[PDB]
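*Asks:* Chains as they are written, first to last, in PDB author numbering: chain C, 1 to 125; chain D, 1 to 125; chain B, 1 to 126; chain A, 1 to 126. One structure coming up, written as structure tokens, with questions to follow.
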Amino acid sequence: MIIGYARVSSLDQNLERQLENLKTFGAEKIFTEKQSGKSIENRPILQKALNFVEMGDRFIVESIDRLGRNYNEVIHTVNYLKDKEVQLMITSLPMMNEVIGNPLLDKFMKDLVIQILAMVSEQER
Amino acid sequence: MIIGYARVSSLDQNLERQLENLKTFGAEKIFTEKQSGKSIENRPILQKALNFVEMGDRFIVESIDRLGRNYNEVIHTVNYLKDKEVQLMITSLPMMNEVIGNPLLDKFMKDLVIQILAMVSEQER
Amino acid sequence: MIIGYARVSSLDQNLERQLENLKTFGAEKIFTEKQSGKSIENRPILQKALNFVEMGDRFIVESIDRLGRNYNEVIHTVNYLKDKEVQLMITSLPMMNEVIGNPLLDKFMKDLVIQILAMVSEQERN
Amino acid sequence: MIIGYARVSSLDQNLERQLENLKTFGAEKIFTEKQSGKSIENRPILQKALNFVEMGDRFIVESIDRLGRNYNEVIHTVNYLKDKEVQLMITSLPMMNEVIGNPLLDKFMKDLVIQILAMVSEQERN
Numbered sequence: 001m002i003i004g005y006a007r008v009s010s011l012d013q014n015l016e017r018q019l020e021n022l023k024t025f026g027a028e029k030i031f032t033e034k035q036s037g038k039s040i041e042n043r044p045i046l047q048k049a050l051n052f053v054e055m056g057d058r059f060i061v062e063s064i065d066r067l068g069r070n071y072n073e074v075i076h077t078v079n080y081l082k083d084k085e086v087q088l089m090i091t092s093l094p095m096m097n098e099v100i101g102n103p104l105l106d107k108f109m110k111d112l113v114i115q116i117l118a119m120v121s122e123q124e125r
Numbered sequence: 001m002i003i004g005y006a007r008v009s010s011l012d013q014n015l016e017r018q019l020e021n022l023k024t025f026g027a028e029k030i031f032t033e034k035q036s037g038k039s040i041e042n043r044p045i046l047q048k049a050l051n052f053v054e055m056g057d058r059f060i061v062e063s064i065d066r067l068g069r070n071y072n073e074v075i076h077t078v079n080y081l082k083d084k085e086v087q088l089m090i091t092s093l094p095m096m097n098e099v100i101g102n103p104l105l106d107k108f109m110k111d112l113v114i115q116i117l118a119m120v121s122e123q124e125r
Numbered sequence: 001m002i003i004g005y006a007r008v009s010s011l012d013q014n015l016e017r018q019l020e021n022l023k024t025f026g027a028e029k030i031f032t033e034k035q036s037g038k039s040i041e042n043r044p045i046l047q048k049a050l051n052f053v054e055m056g057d058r059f060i061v062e063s064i065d066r067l068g069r070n071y072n073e074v075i076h077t078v079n080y081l082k083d084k085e086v087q088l089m090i091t092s093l094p095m096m097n098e099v100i101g102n103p104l105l106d107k108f109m110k111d112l113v114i115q116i117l118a119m120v121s122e123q124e125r126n
Numbered sequence: 001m002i003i004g005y006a007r008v009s010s011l012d013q014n015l016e017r018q019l020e021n022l023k024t025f026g027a028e029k030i031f032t033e034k035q036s037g038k039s040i041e042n043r044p045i046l047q048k049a050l051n052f053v054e055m056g057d058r059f060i061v062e063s064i065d066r067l068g069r070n071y072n073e074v075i076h077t078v079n080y081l082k083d084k085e086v087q088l089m090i091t092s093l094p095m096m097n098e099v100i101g102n103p104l105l106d107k108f109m110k111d112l113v114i115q116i117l118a119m120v121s122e123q124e125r126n
């Protein structure tokens with residue numbers, strides 16, 4: 001199952017594109033949430049989505065900064081999906097194709113890129 | 001408290017040397033295990049270590065490869081120590097907490113160091 | 001010698017704190033400039049500062065965005081200081097000059113952070 | 001024009017294949033060198049190729065290790081190709097993929113791949 005999570009601090013932002021992008025990548029059930037990404041403790045919609053998705057399912061978002069503007073909280077969420085065997089994907093940067101010749105290096109880089117994108121989210125707040 | 005961990009793939013190596021590096025670094029209690037290093041699930045002794053350590057404690061090892069030679073399993077192990085707030089210090093690369101003045105860049109580089117070291121473990125096997 | 005570079009695009013920007021942060025880290029001579037960071041071909045002071053520094057000297061700035069808001073051009077400047085045996089230094093990142101483990105792992109991470117900051121600089125401009 | 005650079009630390013290493021990879025990727029002139037890649041001092045054939053190649057051209061290699069087995073030198077040789085407007089292509093790596101709607105990020109990705117391969121190159125040496 002493909003679960004999508006869309007978030008916006010305000011409707012001033014384009015919720016269309018975010019919702020359309022999630023749906024374009026085959027998002028079955030999508031959890032929208034109008035809240036700040038400064039924390040995950042006041043966003044019950046996201047907490048309900050994470051507890052929803054289980055093994056085999058796919059959790060996708062338009063971009064990491066939507067998942068949260070807090071490095072540790074974003075990183076904790078990424079490893080929760082890993083330990084729960086839920087594939088994390090981004091509409092902006094899917095990264096489903098091979099970049100480096102080595103399979104181990106690709107995992108390292110894709111894990112690195114996400115950490116880089118995770119920091120920049122807090123780097124902007 | 002400061003807990004350590006030592007592993008030996010083959011007893012032919014200097015196990016007594018590794019056990020000294022932990023005490024020299026300030027290890028009070030040291031757990032010892034003898035396994036291949038391919039999977040952490042078949043290593044109960046290592047599991048007893050991660051469970052014994054609590055919040056505020058310090059988990060140390062001679063090197064990351066001792067912890068494991070599987071990138072995903074090693075990263076999973078480190079995160080387990082993060083959420084439990086246990087500092088994972090390496091005797092091989094003696095680096096201090098707060099590697100940089102900036103809090104965010106510190107969190108990013110702390111995680112990056114462990115990923116790079118973990119990527120070397122599987123790289124060398 | 002320890003040369004410092006400070007840049008402001010607007011008169012609103014607090015140039016004082018930038019100069020005081022540079023002096024705090026041992027800046028003896030500073031090259032202040034009032035120009036947009038979207039390019040370097042129109043910044044003669046930044047280039048006279050890069051020429052002034054020699055092998056062993058220290059080129060310090062407050063933030064990477066001060067160096068410029070163009071990724072390719074900021075990276076070009078960072079390597080120029082590299083190839084010229086000049087250490088780049090940033091007030092925003094205290095203790096950046098330290099070594100994090102072996103020199104290799106340090107040279108890989110420090111270079112990554114600067115590129116990320118160099119990317120964020122341009123990303124905020126346009 | 002596409003210029004290649006092949007290197008072999010020893011004749012035991014497969015050279016006739018490394019030439020085929022370069023020629024398979026459209027190399028017109030291949031500079032062959034025979035010496036360690038720890039430093040660019042004892043590798044004049046490389047500098048001969050680097051000085052030879054100029055604006056518009058394309059510089060290709062089998063992999064990063066051929067371009068040098070040192071992070072500081074690899075990154076130095078990479079930026080030398082940037083400043084001369086010469087694109088660097090590695091036969092080992094695939095075609096990558098488009099970062100749709102973010103040209104700035106592609107500039108950063110291509111640099112990250114080189115630094116990872118560069119570090120990994122020096123890591124395998126020891």
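The beta-carbon is built from N, C-alpha and C at its ideal position, and this holds for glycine as well.
Run through chain C and tell me which residues come within less than 9 Å of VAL120 (chain B), C-beta to C-beta.
*Replies:* Result: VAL120, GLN123 and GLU124.
*Asks:* From the beta carbon of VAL113 (chain B), is the nearest beta carbon of chain D less than 8 Å away?
*Replies:* Interface residue, yes.
*Asks:* With 8 Å as the threshold, decide whether the Cβ of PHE108 (chain C) is near any Cβ in chain D.
*Replies:* Answer yes: the Cβ-Cβ gap between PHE108 (chain C) and chain D drops below 8 Å somewhere.
*Asks:* In chain B, which residues lie less than 9 Å from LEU11 (chain A) when you measure between Cβ atoms?
*Replies:* In chain order: nothing, as chain B lies at least about 30 Å away.
*Asks:* Since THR32 (chain A) is in the beta strand (DSSP E), which residue starts that stretch and which ends it?
*Replies:* 29-33 is the extent of the beta strand (DSSP E) around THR32 (chain A).
*Asks:* Classify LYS23 (chain D): buried if its beta carbon has 16 or more other beta carbons within 10 angstroms, exposed otherwise.
*Replies:* Classification for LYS23 (chain D): exposed.
*Asks:* How about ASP106 (chain D) and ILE100 (chain D): do their beta carbons lie closer than 8 Å?
*Replies:* Yes. Within cutoff.
*Asks:* Quick check on DSSP: helix, strand or coil for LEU88 (chain C)?
*Replies:* In the structure shown, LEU88 (chain C) sits in a strand (DSSP, three-state: E or B).
*Asks:* Using alpha carbons as the reference points, say which of A:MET95, A:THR77, A:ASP111 and A:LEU93 lies closest to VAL53 (chain A).
*Replies:* Nearest option by C-alpha distance: A:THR77.
*Asks:* What distance in whole Å lies between the Cβ atoms of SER121 (chain B) and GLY68 (chain B), which are believed to be in contact at a cut-off of 8 Å?
*Replies:* Yes, they are in contact, since the Cβ atoms of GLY68 (chain B) and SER121 (chain B) sit about 7 Å apart, within 8 Å.
*Asks:* Just by C-beta distance, which residues in the stretch 75-103 of chain C are closer than 8 Å to chain B?
*Replies:* Answer set for the stretch 75-103 of chain C: empty.
*Asks:* Counting C-beta neighbours from all protein chains within 10 Å, is the total for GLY4 (chain C) 16 or more, i.e. buried, or is it exposed?
*Replies:* That one is buried.
*Asks:* Could you spell out where the beta strand (DSSP E) holding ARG7 (chain D) opens and where it closes?
*Replies:* Looking at the DSSP string, the run of the beta strand (DSSP E) that includes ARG7 (chain D) is 2-7.
*Asks:* Run through DSSP, which three-state label would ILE60 (chain C) get?
*Replies:* Note: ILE60 (chain C) maps to strand in three-state DSSP.
*Asks:* Can you give me the Cβ contacts of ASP65 (chain A) inside the same chain, cut-off strictly under 7 Å, excluding the 5 residues immediately before and after it?
*Replies:* Same-chain partners within the cutoff: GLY37 and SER121.
*Asks:* Could you confirm whether any beta carbon from chain B is found closer than 8 Å to the beta carbon of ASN51 (chain A)?
*Replies:* Not one chain B Cβ lies under 8 Å of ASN51 (chain A).
*Asks:* My output table needs one value for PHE52 (chain D): the three-state DSSP class, helix, strand or coil.
*Replies:* Of the three classes helix, strand and coil, the one that applies to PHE52 (chain D) here is helix, per DSSP.
*Asks:* Between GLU62 (chain A) and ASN21 (chain A), which are expected to be in contact by the criterion C-beta below 8 Å, what is the C-beta distance as a whole number of angstroms?
*Replies:* At roughly 5 Å, the Cβ-Cβ gap stays under 8 Å, so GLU62 (chain A) and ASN21 (chain A) are in contact.
*Asks:* Can you have a look at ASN14 (chain A) and say buried or exposed, based on whether 16 or more other CB atoms are within 10 angstroms of its CB?
*Replies:* Exposed, since its Cβ has fewer than 16 Cβ neighbours within 10 Å.
*Asks:* Along chain B, which residues have their Cβ under 8 Å away from the Cβ of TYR71 (chain A)?
*Replies:* Near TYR71 (chain A) (Cβ distances below 8 Å), the residues of chain B are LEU104, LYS107 and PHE108.
*Asks:* Since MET89 (chain B) and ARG58 (chain B) should fall inside the 8 Å C-beta cutoff, what is the C-beta to C-beta distance between them, to a whole number of angstroms?
*Replies:* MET89 (chain B) to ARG58 (chain B), Cβ: 6 Å. Contact.
*Asks:* Mapping DSSP to helix, strand and coil, what is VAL99 (chain A)?
*Replies:* If DSSP states are grouped into helix, strand and coil, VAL99 (chain A) belongs with coil.
*Asks:* Let me check understanding here. Comparing Cα to Cα, which of B:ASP111, B:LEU11, B:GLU16 and B:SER39 lies closest to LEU81 (chain B)?
*Replies:* Of the candidates B:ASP111, B:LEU11, B:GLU16 and B:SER39, the one whose C-alpha sits nearest the C-alpha of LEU81 (chain B) is B:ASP111.
*Asks:* Below 7 Å on C-beta distance, what does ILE116 (chain D) contact in chain B?
*Replies:* Result: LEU105.
*Asks:* Decide if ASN97 (chain D) is buried, meaning its Cβ has at least 16 other Cβ atoms within 10 Å, or exposed.
*Replies:* Exposed, because fewer than 16 other Cβ atoms sit within 10 Å of the Cβ of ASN97 (chain D).
*Asks:* Just to check, is the beta-carbon of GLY68 (chain C) closer than 7 Å to a non-hydrogen atom of the ligand ZN?
*Replies:* For the ligand ZN, the structure offers nothing, since it holds no ligand at all.
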